[PDB]
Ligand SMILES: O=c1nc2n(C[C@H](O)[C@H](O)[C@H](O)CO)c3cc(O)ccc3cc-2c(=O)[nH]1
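Consider the single chain below, provided in structure tokens and representing the form solved without the ligand.
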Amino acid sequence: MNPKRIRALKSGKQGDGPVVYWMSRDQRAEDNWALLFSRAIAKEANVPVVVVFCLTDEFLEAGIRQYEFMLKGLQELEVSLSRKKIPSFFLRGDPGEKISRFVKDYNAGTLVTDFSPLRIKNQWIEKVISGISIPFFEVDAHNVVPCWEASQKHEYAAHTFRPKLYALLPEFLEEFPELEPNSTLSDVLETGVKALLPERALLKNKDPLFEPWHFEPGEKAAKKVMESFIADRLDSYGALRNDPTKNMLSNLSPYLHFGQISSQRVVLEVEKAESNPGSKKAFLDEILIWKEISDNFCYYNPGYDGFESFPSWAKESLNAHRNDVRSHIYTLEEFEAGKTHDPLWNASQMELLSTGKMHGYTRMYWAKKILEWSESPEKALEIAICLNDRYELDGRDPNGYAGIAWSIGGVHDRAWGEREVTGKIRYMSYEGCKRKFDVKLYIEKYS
């Protein structure tokens, strides 16, 4: 019930009707600070709470793999909310128009939303703010420490962000109070899939590349992955996280991205787990430090998807090497289909296509080779964002814009030895990787 987790977006006259939670990022009933705030507001006002989610015009920019994972999540979610006597309302169109009408049509007293630093979410907040007059808040349901309270500027390195975040953990890492009760999606899933079908990813024989069985969706399937990580894989996490031949990661990012599970719930469960001291340190650095510095990156950098947000040393170094002859230059088409000269890059591209989740270690190798085989850093940023958002279940996400800005621009990194083309940007070599794991097995597994 910490008030540091909320920000007033607009302040206006409180209406006589239900409190309305505009679900955007945190698509779950449990462990959701934004749902809990909206309910407490409704308790004080002697009104019910309702959930509204807007299905936007932008799903045609992604693929069936994301569209189905999210909707099957929401189908389980509607049931779970109704059992707590919370109705959920799904709107087709974009939020500026559809939230505004719902607020005026149902006489809402207060409007609430969850936090996301992304540009599109800011776009929608701007349209909505104009079209309403009731008060408007946003809660950070997605970070353990509220993005605005973690740091008041862009943190340039993880080593400066780490002591700030761990200092506030004692106040913000706490158990979740239970969600108090109050006192179709099948049609839109099928409609969307037909609109999306002519863009479905196929591999020549028209049989589809995506394998929808590696990650079942929704809050229920998320707990089991979290429970199976701690039970089975956390012990070994600290050593094998950088070996893509043996999947010992959490596998939580798809669920974290759609907000089907709270990173705070994950940190709570990992804290009390008695595992290897160093695996827990490694794991907590990723879900606390690197995930939440990625929200810090997008919140404090309007140009988080452009060259301009690169650090100075990195921009002038890449600018120094702009006219360096590239060893190869591939188009978007060849990158996508996986038709470069590097079998390791290509197998990584296929793990992304077949499963929707590239191993984290080769996500680094994959993105940096795009900087190497592109005409410019600006083209390399485009190509990485496009393929990352199109094919990753966990993409269209701060961790993606930050993970690419790290790979291609040295954001949250430091200068390395100066090379042709890529300047001082940390370099990763095919020879380097086989020294680090069994590179042939990875290739064979994705052929």
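Think of the rigid core as the biggest set of C-alphas that the two forms share within 1.5 Å after superposition. Throughout, we count residues from 1 along the sequence that is shown.
Core-fitted comparison in 6 other deposited structures of this protein shows that, between 200 to 208 and 112 to 120, the CA atoms farther from the shown form belong to 200 to 208. RMS Cα deviation from the shown model in 6 other deposited structures of this protein, rigid core fit, is larger for 187 to 195 than for the other stretch of the pair 132 to 140 / 187 to 195. Missing deposited residues between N323 and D324: none, as the chain runs unbroken there.
In this entry, 12 to 20 shows the higher mean Cα temperature factor of the pair 12 to 20 and 419 to 427. Remark: stretch with higher mean C-alpha B factor among 79 to 87 and 281 to 289 is 79 to 87. The maximum CA B-factor among the listed residues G259, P302, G73, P208, taken from the PDB record, is found at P208. The entry assigns its greatest Cα B factor, within the set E316, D187, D114, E155, to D187. For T56, the recorded CA B-factor ranks within the middle third of the chain. Only modelled residues enter the ranking.
Among the modelled residues of the chain, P146 sits in the lowest third by CA temperature factor in this PDB entry. For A384, the recorded CA B-factor ranks within the lowest third of the chain. Only modelled residues enter the ranking. The deposited CA B-factor of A108 belongs to the highest third of values across its chain. Remark: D94 belongs to the highest third of its chain, ranked by C-alpha B-factor as recorded.
The same protein also has a form solved in complex with the ligand, omitted here; what follows describes it.
Contact with the ligand in the bound PDB entry, judged by any heavy atom within 4.5 Å, is made by just one of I41, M70, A29, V51: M70. Contact check for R25: a non-hydrogen atom falls within 4.5 Å of the ligand in the bound PDB entry.
Among residues of the shown chain, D140 is not one whose heavy atoms approach the ligand to within 4.5 Å in the bound PDB entry. Though the partner is left out of this view, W124 does reach within 4.5 Å of the ligand in the bound PDB entry, counting heavy atoms only. Under a 4.5 angstroms non-hydrogen atom cutoff, the ligand in the bound PDB entry has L55 among its neighbouring residues. Taking the partner from elsewhere, no residue among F161, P311 and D413 has a non-hydrogen atom within 4.5 angstroms of the ligand in the bound PDB entry. Only one listed stretch (413 to 421, 395 to 403, 33 to 41, 374 to 382) carries heavy atoms within 4.5 Å of the ligand in the bound PDB entry, and that stretch is 395 to 403. Within 4.5 angstroms of the ligand in the bound PDB entry, the stretch 242 to 263 places a non-hydrogen atom from each of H257, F258, taken in sequence order.
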